[PDB]
Structure formats: C-alpha cells, structure tokens
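Chemist: Handing you a structure now.
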RNA sequence: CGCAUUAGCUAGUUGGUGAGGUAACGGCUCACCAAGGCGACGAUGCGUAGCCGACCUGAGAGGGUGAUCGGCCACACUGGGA
RNA sequence: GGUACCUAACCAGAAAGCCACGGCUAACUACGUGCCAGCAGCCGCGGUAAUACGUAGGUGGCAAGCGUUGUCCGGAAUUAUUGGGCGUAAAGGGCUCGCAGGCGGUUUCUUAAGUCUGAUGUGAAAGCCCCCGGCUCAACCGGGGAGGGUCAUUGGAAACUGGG
RNA sequence: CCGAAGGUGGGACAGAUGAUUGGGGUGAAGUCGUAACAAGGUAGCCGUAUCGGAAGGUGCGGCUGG
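Chains as they are written, first to last, in the deposited numbering: chain d, 6 to 200; chain p, 2 to 89; chain l, 2 to 137; chain h, 2 to 132; chain q, 2 to 85; chain e, 3 to 166.
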C-alpha cells in the first residue's frame, strides 16, 4: 500500500499533515498534472465515501455493515456512521497517540498487542464502547514504537483521556461529529449508499 | 410417556439446553408440549434456570424427568418440594 | 377501470418469456419427456463448425458453431475469442449469451470448458476466454 | 342517479374555489350540514348558513379568500367512494399534509375531524381529505 | 359448566325435494385481500328437516351437528320467516 | 414577489443539447443549455439559453435563470408537506425526510433540491425524464408548498391549533 | 392456482327406512323406494404442485420461492391385501 | 483430543488476484490491426491517425475473492389497490331492450351483518425487529420482549354502509 | 362375494413423424411493373363483391384521416 497515492488521488490529507500533497497536489499518473475535469454526482459521492473508508482502511463489507448498523441507531445517519468508525479500535490507538498512522495502529491491535478492560484484543474492527480503559500489557509495556509516539505529543481529543506512563486510555460520553473530521462530507455517503 | 427432558439449542461446539416437556415419541429438537427455562453447561460455573412452579405442575400430572434433568431439579430443589407434596 | 371490474376480471400480468429457452428445459432418457430444469450451462456435441456473417451495416465475419445438446436441441452457439480449437463432434459447454451481430445465435461457447481450449496469446480479460495466468 | 352527494358537494366547493366564487347553494343533507359545520369551525370557510325548506333544503357556503387572492381551501378529495368504502382503525387514522390539512372521518361517536377522532380513539368511515 | 356452543347460521331454503331435508343459502359476504371492496358469496348447506316443515324461500336458522349423512351436517332450529 | 437576484448564487448546469435548424444549405446548429441557479438559503430558479457556442449559451441561461427565481420553504431542512409537481407529463413526488437521509433525487431534481438548500428529500419522478419538464415539475411542486405559519394565518387560526 | 380454444358433470351419485360394518357419525357398505345432487359465486375436465412457519426482493403494497431448521401430510421397487 | 486455548524462540521471511477504463459508469494513454481479426448489455466500435479490437503502462472498482452465466425481485407508475389509460399515440362494444351483478335522493325510529373499540384465548420453537448478555470482535449463540388474523367467544358505540 | 394384475373392445386426449403443400420472416445493388406518400400525376382509406402476372382495377355504400 502506497497510501500517499490514495491521498493525492482523493485530494485530501488522509493523515492530516503538510505531507503527501505538497510538491504534487494532482491525482496520480500520466493523466494527473494536466487539468483534470470535475467529477459528476456519482464521482463526488465516491470521493467522499472513499475519503472516509481510506481514512479508516475499511473494506466495503465492513463499511457497508457499519453503514447499516449506524442506520439502526438514532439521530442523523451520517453522523452515527462517523461515530461508529471513530469507535473502531485502530482509530482509538492512533487517536490516543500510540502510532503515527492507522497502519501502525493496525499492527498494534493485530499483533503488537494492546488491551481493552483486561485480557486482550487481536482485532482492529473491535467497536469500542465508552467507559473502557485501554492500555498495553506488561510484556509490551513500553517498546520503541509506543515509546516514540509517547515522545511525540499530539492532542488528545475531548472524547478521550490519555496518560503517558500508565498509558491507559479512558473515554467520555460520545464523540460528537463536530470533533471528528472537518474535511469528510457526510450525507453524500448516505446518498452514495442510498442508491 | 410425558418426559421433562433437555432440548438441544446453540452453536456447534457450544451447546445449550432448554429444559423442555416433550414426549419420548417426539424428536429431540422437535415438537414439545411446553418448556421450563434453560441449562448452560458450557459456562465455567453453574447457571441453570428452572421455572420451578410450572415444572412442579408437570411433575404432578405424571412426567418423570431424565437423569440430568432430575438432578437439575434437585439442584434448584424441586424434587424436595415434590417429596414434601407427596408427604402431604 | 372500476373496482367491480377489477374484482371480476382482475389485472392480468404481462407474459414473461426467457431470453434463452434451450437452457430452460432438460431431458430424462427412459421417461422420454422433456423436463423443465432451468439450467445455467449445457454441454453438447458439435454438429457443424463453420463461420458466417452478420446482416447489415456491421460487416465482419463471425465464428458460428452449431451444437446439439443433452436435452436434444440443436442451437447455433458462438465461439468468442480469437482462434478456436473446435472440430465437428466436439464437446462444448454452452452459456447463455446473445450475439446481436449474427442473427439466430443466442448462446456462447464457454471458453475453458470440457474440450474448448483456452484461447491463445491473451493477458487481459483472463477468466473470460479461459486462459490461465501464464507466467512472469 | 347522483350516486353519492358528499363527493358532489366536495367538487362543488372545489369548482367554487377554482372559479373563486363566494357563495354556494348545496341541497343540504344532514351529513353535508356536519361537513360544512366542521369546515366552518376549522376556518376553511368564512361562514355557512342553513335554509330549511320544503323540497330538500339549502345549505349556503361562503368561501374564504382571506388575503390578496389566496384560496384557503386549495383542494378537496373524497376517500371512501360508494364502490370502495374506506374504514380506518384508530391506530390507522390518517393525518394529512402532516398536520397542515385534515380528514373528515365519521367515527362511531359523531362525524369527527382528524384530530378529534385521534384524541377520542375511535375509527370509522374516512370520507374527505381537505387541504 | 355449560358445554361448548356449536356453530349456527341463518339462511334461505333452495329446495325441498330431498326426503326430510333441505338446502340453505347462507349469504354472509366479505372483502378481498387486494382490492378491499366487499363482495358476496352464497353458501348452500344440507340441513335436516325431521318434520319436513319447510318451504322454498323460507328464512330459517340451522345448527351444525354430527354428520347426518353424506353432505349433511346441519339441522333446523327456528323457522323464522315463511315464504309468500 | 419577484426575488431580486442580488445574492451569491452557485449556477450549475444540467444539460447542453445540440439543436439543429435545417436551411437550403443544410443543418445549422446551436447549443441550448438549461442551468439551475440559486443560493442554498431557499431561492431557486432555472433558465434556458441558446447560442452558436457552449459558453454564450451558459451565459444566457445563467442570466435568464437569475431573472426567474422561486422561493421554497425549508421547514426543518426539509419540505413542509408531501407534494406532487406535475408540469406537463413530468410528475415528481416530494416527501419530507428525516434528518439523516440526504437528497434522494435524480439528476435535475437533485440539482433543484441541492440549489434550494433543502437537505433531506425523498423524491421520485413518475413521468417523462426530459430535464426541462422535470425541472418545471419540481418548481411547480415547490411553488405550491405551504408554510405552517402562513396556513395558520390563512385559517384564522394559530400554529399550535394546527400542529397538535 | 393456471386454462372457458375445459359448460355441462353425477348415478351409491343425491335423500329416506332397515340392516351390516366401524374406536366412532356417515352410501362407509347392502336391500327397498324417491329423482335427487353440483353448477358461470366456475361444476366437471385438463395442466401444474407436498402445505406452512419462513426465505429473497421491494419504500411499502406486492411479486417470486417452499433448500437447510421446525410442524403436519403422503410415500417405501409397482399394485392390492390383511 | 493434548483440539480450541495460553506461553517462549526465529525470519518480511510462506501468502493477491480478478474485472473494467467512450457514455450510462469510477477509471487513459501508447504500439499493432485496418469493416479483417475481433468487442458488445444498449447506444453501437473497427474501412491507415481505434481512450470501444489485441498488447503494454497506468488508473479505477472490489478484494481471497473477482468476473460470466442461469432464475427471482426491484428499477418498471411496464397490469397502475397504493399507482396508468381510451378525440388524433394501443384502447368507447355499430347501436339498442334488458336478466343476473354493482351502485342508491331526503327526514326519522329501530336493528347491529359491515365498521370502530374493550376483555379473554390463540396465531408453537427457531426466524425478521427491539433490549441486554457470551463467544478475543464479527458472523453466530443466548436471554427478555414485540410483531403478525377479514380468527373464535364475549362486552360497549350508532355517524356511515346494510336490514325492518 | 369383493378383488390387484392381465385379456378383449370401442372411443377420448396428447407428443412425434409423414410424400406433398399453404401462407409467414429474413437474406448477397436479381426480374416485372410503380400501388401509396404532393392534386403522387385516376384523391386516399373502410366494408363488401368481382376481375386481374403483381402491386392493384372496377362497382356499390360510407369517411376526411382532401
């Protein structure tokens, strides 16, 4: 996975950083630095859907089933789907600040183990409910990658609280979608799966 | 004839048993007369749930349980209530 | 119309005809009758492999193999890719695909089938036309 | 003939709207009197008056064009036609233009409106949409 | 403990010609699954007249019962209105 | 009233047809664009424009679209009540929707309802699919809409005597 | 549930009395009489089909399906019998 | 069955393909071909400057799947009850008299078949749905509830349809 | 006594197949005319009869969709 390529095609900083669009803001390829045409309704809905699913790295089976389960909840639809992909556990690891991307946070949940409320979680797609103190076991207590991402100081979002040494990540009420992402346009993705 | 017997529910490797008033004729997962609650074996502890009064109602019309259902009745304590009723 | 007229004559629903009917039947050998099986594919033996032409403005010579099936029906099928193995009396598996250009032909010979070999020198559209992933 | 007079009074009001007439004489059966009384008390009409006579009676309707040229009644409809009668249960009573219009629904306690029959929790014939 | 009540209809006599019996058109009538309008159907039952006190065109009640012969499962209750 | 066009407008187009006229010499072509124009605060309009070129057609269409503007009630970011707009064998129903749905509409209907500022529409075209008559049908359905405040003012009534 | 380019179909069929038979009511079986019975609200005939809880699609109304699982049915190389 | 499982050691080492790229429909260039070979669901491509054929690069879609086929349903308001029509686009019987059927002006009393409402039983278990729980999450399991009858009995209403 | 099967018989329905045949469709710039579309060079069409290689013609009645 190149994943610079995904960002410059989608036209969005999918990390959210000065990287990956500076020096080359066009899409990819031999048909990229020329003036591309604007996309249709279909293309705009695909752009926004794949902005979100390439933020979080989801296949469309999980992405569609979370769209459906978010529809089974209450409120506004596209907000609840953002909320469910910000309860996803790779996102929890990268927003506690334990990795520099979501691939590194994927490898933390997959094998470089990380723990929720006890025993373990080997699964990136684990939806994290509130109230759940997320930390690492005493084996991987402070190793080089989590150590670097502790040395580097990001902001903790207000739907999280994170400690450095004890490293337990605890929660608050719910991640409001004002807090989640400014760039991704929800309710074009609801319209993309409305058809 | 009428027998209070376990009835298999659940996944493959994880069984579950609804304690179910059926006939000896009828199939095990098949048709049945009424049910009392449940039986989790695969819990590492206990956790049986018996209705304890409708089970008692079926015991007195004449319905003799199987061995494991009988000792579940003993664990919740309905066979002692049945013996107190026969001593009544 | 009126509700009483809808009650005593009803709405008669429009007829459905299948686009490929020779797949839409079958055959048992001793009962000597012609069952409705609705099958996706049928193998049959080639009765005549030639080539012939379309009708009007589109003018390029097509491929045209005629096959008698396991239900008993001879249909002219089509051999899609470039350069085909087939002879007369060849075992052929047939899928339903309309060939608009050549008239009277409404099935494809599945390439990669029982005897219809995968096509030669092809790398794009691998699964269609039958050919294996060659080497790299 | 005439086959139902309720639909005919509803079209007579609708044609008087589209022409923007100001008065209507309608031959005034008792259910018509209750329909025009409901449409009076819901402000679709300026006023309605009865003429009790020998032949069959007359009910006169005064259509309300409240502002510049604004048909307060935009359209009428008859739901239960004599040939497909419509009956709604109380948990199926229809609310129309969701709240902004109304449905004359004659339940078991009086010829009611929409909200009245919903709050009295009975159902019956569903016999006019009024927008 | 009063026992369970048997089914009862009222109807209209079609024929008198069978020995000690009649047939009875019950005109209960009902609506569709789809169009909703309510249409009519006439159901003629075989019913026993042990006194044969019936006429064609007679409104009559019938009781259901044990099967009295082939096609018979009904008997008289109260001959309400006589034909003119 | 006629909505005075001094706003910020977004002016995106539906179609440009290439549109012929036969002369002694032969076919002479023009481009007929129709463009929907409006801010997303409740003012919509659309207009046709014809020229030998594509960009002059889009110019004339955006001018004639700014001339005729319509208003739409945006009650709770939806429409107030379900309506069918029926301009001439284009018939389009419009339902209000819940807050999450997004504009459920086909191409030119979607352009009208997005340039209206209405965010949650169930809608469906129940007639012919030319863009011109469908846009006329949508604006017919949005002209006949009614505000609850205005209908309460119409019945000699109050709003809460309607809404409950 | 499909066909009216299937309109007439029944004669133990439709009733009676009596008998036999059945775990039981009954033309279920038999004697003797009566001319009944079903019918365009579709009899009969032909074609198709295990029925359902359910399953798929659909905004829904519907349309299609009747695998698994579960209920009832019918069958056991074909027909008949105990 | 020393099976799920837990614990230690080692190496990015063993592990990605399929389809499409004219429009619908996201995704484009180049070389060869020259109405041939061929593509195609449709509009239709290709007759020496082919983004439509074959290949390469690229991109896009998905992803241990992907594509084709066969049938269902939707799209299709294209059987229209919801929800269509008949002057000229398909469609008013050539016209009448009329049986059955359907529909029925007004006031009032009464009835309660239709209609609405209540109670009771029931529409098994699983399934869809809601709420919680357990499988490392998920699928799935489990618990608890809901739903679904022109259903039967029973009790109220009387506006409307029907009955007198 | 009943009775499955089998036997004989005359019908009924349904599928094949059959010398030959009749209309239909589609097809490489085939042959004969030019009936219709314009006042289409005889206004056309509808019904019906009749004749004629063929489109068609002619009669009668009707229609404007002159």
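Note that CB positions come from ideal geometry on N, CA and C, so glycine has one too.
1. Which residues in chain e have a C-beta closer than 7 Å to the C-beta of residue 53/d? List them in chain order.
2. Ends of the beta strand (DSSP E) at residue 6/p?
3. Closer than 7 Å, Cβ to Cβ, to anything on chain h: give me those residues from the region 141 to 160 of chain e, in chain order.
4. Return no unless some Cβ of chain q is closer than 8 Å to the Cβ of residue 85/h.
5. Between residue 83/e and residue 199/d, what straight-line distance do the alpha-carbon atoms span, to the nearest angstrom?
6. What is the C-beta distance between residue 37/e and residue 15/e, in whole angstroms, given that I count them as a contact (C-beta under 8 Å)?
7. From the beta carbon of residue 37/q, is the nearest beta carbon of chain h less than 8 Å away?
8. Quick one: list the residues of chain e neighbouring residue 99/h, beta-carbon separation under 7 Å, in chain order.
9. How about residue 134/d: is its C-beta nearer than 8 Å to some C-beta of chain e?
10. In the DSSP assignment, find the alpha helix (DSSP H) that holds residue 47/e and state where it starts and stops.
11. Going by DSSP, what residue range makes up the beta strand (DSSP E) through residue 19/e?
12. Using DSSP with H/G/I as helix, E/B as strand and the rest coil, what is residue 11/d?
13. In angstroms with no decimal places, state the Cα-to-Cα distance between residue 7/l and residue 136/e.
14. Could you tell me which chain e residues have their CB closer than 7 Å to the CB of residue 43/h, listed as they occur along the chain?
15. Could you name the residues of the region 74 to 103 of chain e whose beta carbon sits closer than 9 Å to any beta carbon of chain d, in the order they occur along the chain?
16. Which chain d residues sit within Cβ distance under 9 Å of residue 111/e?
17. Looking only at its own chain, which residues have a Cβ that is under 6 Å from the Cβ of residue 140/e, when we skip the five neighbours before and after it?
18. Could you pull out every unbroken alpha helix (DSSP H) segment of at least 4 residues lying fully inside the region 31 to 98 of chain e, listed in chain order?
19. In whole angstroms, what is the alpha-carbon distance linking residue 150/e and residue 16/l?
20. Buried or exposed for residue 84/d, please, with buried defined as at least 16 other CB atoms from any protein chain shown within 10 angstroms of its CB.
21. Could you pull out every residue in the same chain whose Cβ sits closer than 6 Å to the Cβ of residue 79/q, ignoring the five residues on either side in sequence?
22. Mind checking residue 81/h: buried by the 16 CB within 10 Å criterion, or exposed?
23. Using a Cβ-Cβ cut-off of 7 Å (strictly less than) and excluding sequence neighbours within five positions of residue 76/e, which residues of its own chain qualify?
24. Could I get the ranges of all uninterrupted alpha helix (DSSP H) runs contained in the region 97 to 136 of chain e, with 4 residues as the minimum, in chain order?
25. Alpha helix (DSSP H) containing residue 104/h: first to last residue?
26. Leaving out five residues on either side along the sequence, give the residues of the same chain with a beta carbon under 7 Å from the beta carbon of residue 116/e.
27. Which of the three DSSP states is assigned to residue 28/q in this structure?
28. Does the CB of residue 18/e have a neighbour CB from chain d at under 8 Å?
29. Alpha carbons only, please: which of 2/l, 33/l, 121/l and 89/l is nearest the one belonging to residue 73/l?
30. Between the Cα of residue 130/e and those of 138/e, 61/e and 124/e, spot the shortest distance and give me the residue it belongs to.
31. With distances taken from CA atoms, which of 161/d, 123/d, 97/d and 169/d is nearest residue 111/d?
32. Under 8 Å between C-beta atoms, does residue 94/l make it to chain q?
33. On a Cα-Cα basis, can you pick out the residue from 82/p, 14/p, 3/p and 43/p that is closest to residue 101/p?
34. First and last residue of the alpha helix (DSSP H) that includes residue 12/h?
35. Under a CB-based cut-off of 8 Å, is residue 4/e close to chain d?
36. So is residue 193/d buried or exposed if we call it buried at 16+ other beta carbons inside 10 Å?
Modeler: Reading from the atomic positions:
1. Within the first chain, numbered from 1, the residue matching residue 53/d stands at position 48. Those do not exist, as residue 53/d stays about 11 Å from chain e at its closest Cβ, beyond 7 Å.
2. To locate residue 6/p, count along the second chain from 1; it is residue 5. Here the beta strand (DSSP E) through residue 6/p covers 3 to 11.
3. Only those residues of the region 141 to 160 of chain e whose C-beta falls short of 7 Å from the nearest C-beta of chain h are listed: 148, 150, 153, 156, 157, 158 and 159.
4. For the purposes of this step, residue 85/h is taken as the residue at position 84 of the fourth chain. Among the CB atoms of chain q, one or more fall inside 8 Å of the CB of residue 85/h.
5. Taking the first residue of the sixth chain as 1, we reach residue 83/e at position 81. Taking the first residue of the first chain as 1, we reach residue 199/d at position 194. Cα-Cα distance, rounded: 22 Å.
6. For the purposes of this step, residue 37/e is taken as residue 35 along the sixth chain, with counting starting at 1. For the purposes of this step, residue 15/e is taken as residue 13 along the sixth chain, with counting starting at 1. Going by Cβ atoms, the distance from residue 37/e to residue 15/e rounds to 4 Å, so yes, they are a contact pair.
7. For the purposes of this step, residue 37/q is identified with residue 36 of the fifth chain, where counting begins at 1. Yes, residue 37/q lies at the interface with chain h (some Cβ there is under 8 Å from its Cβ).
8. Indexing the fourth chain from 1 puts residue 99/h at position 98. Those within 7 Å of residue 99/h in chain e are 83.
9. Sequence index remark: in the first chain, residue 134/d carries index 129 (1-based). Residue 134/d does not count as touching chain e.
10. Counting from one through the sixth chain, the residue named residue 47/e turns up at place 45. It is not in any alpha helix (DSSP H) - residue 47/e instead sits in the beta strand (DSSP E) that spans 45 to 53.
11. To locate residue 19/e, count along the sixth chain from 1; it is residue 17. The continuous beta strand (DSSP E) containing residue 19/e extends over residues 14 to 24.
12. Translated into the one-based positions of the first chain, residue 11/d becomes position 6. Here DSSP, grouped into helix, strand and coil, assigns residue 11/d to helix.
13. Reading the third chain from its first residue, position 6 is the one you call residue 7/l. Reading the sixth chain from its first residue, position 134 is the one you call residue 136/e. Rounded to the nearest whole angstrom, the C-alpha separation of residue 7/l and residue 136/e is 32 Å.
14. Translated into positions along the fourth chain, residue 43/h becomes position 42. Correct list: 157.
15. Contact annotation: in the region 74 to 103 of chain e, residues whose CB is within less than 9 Å of a CB in chain d are 100, 101, 102 and 103.
16. On the sixth chain, position 109 is the one that residue 111/e refers to. By Cβ distance, chain d contributes nothing, its closest Cβ being about 11 Å from residue 111/e, past 9 Å.
17. Position 138 of the sixth chain, counted from the first residue, corresponds to residue 140/e. Result list for residue 140/e: 87, 94, 111 and 114, in chain order.
18. Fully enclosed alpha helix (DSSP H) runs of 4 or longer: 57 to 69.
19. The residue given as residue 150/e occupies position 148 in the sixth chain. The residue given as residue 16/l occupies position 15 in the third chain. One C-alpha to the other measures close to 48 Å.
20. As a first step, residue 84/d is located in the first chain; it is residue number 79 there, counting from the start. It counts as buried.
21. For this step, residue 79/q is matched to residue 78 along the fifth chain. Result list for residue 79/q: 62, in chain order.
22. As a working note, residue 81/h is residue 80 in the fourth chain. Buried: at least 16 other Cβ atoms inside 10 Å.
23. Within the sixth chain, the letter at position 74 stands for residue 76/e. Contacts found: 44, 119 and 120.
24. Contiguous alpha helix (DSSP H) elements confined to the region 97 to 136 of chain e occur at 109 to 116, taking only those with 4 or more residues.
25. As a working note, residue 104/h is residue 103 in the fourth chain. Counting along the chain, no alpha helix (DSSP H) covers residue 104/h; the unbroken beta strand (DSSP E) around it starts and ends at 103 to 107.
26. Within the sixth chain, residue 116/e is the residue found at index 114, counting from 1. Taken in chain order, the residues that qualify are 105.
27. Locating residue 28/q in the fifth chain gives position 27, counting from the first residue. Looking at residue 28/q - three-state DSSP - the assignment turns out to be coil, as it is neither helix nor strand.
28. Position 16 of the sixth chain, counted from the start, is the residue given in the question as residue 18/e. So no, residue 18/e is outside the interface.
29. Locating residue 73/l in the third chain gives position 72, where the first residue counts as 1. Minimum Cα-Cα distance from residue 73/l among the listed residues 2/l, 33/l, 121/l and 89/l corresponds to 33/l.
30. Here residue 130/e refers to the residue found at position 128 of the sixth chain. The residue with the shortest Cα to Cα distance from residue 130/e is 138/e.
31. Taking the first chain and counting its residues from 1, the one referred to as residue 111/d is at position 106. It is 97/d.
32. Here residue 94/l is taken as the residue at index 93 of the third chain, counted from 1. Chain q contact via Cβ: absent.
33. Nothing in the structure corresponds to residue 101/p, since chain p is present only between 2 and 89.
34. Residue numbering aside, residue 12/h sits at position 11 when the fourth chain is read from its first letter. Where residue 12/h is concerned, the enclosing alpha helix (DSSP H) stretches over 6 to 20.
35. Locating residue 4/e in the sixth chain gives position 2, where the first residue counts as 1. No, because no Cβ of chain d sits closer than 8 Å to the Cβ of residue 4/e.
36. Position 188 of the first chain, counted from the start, is the residue given in the question as residue 193/d. Per the 10 Å Cβ criterion, buried.
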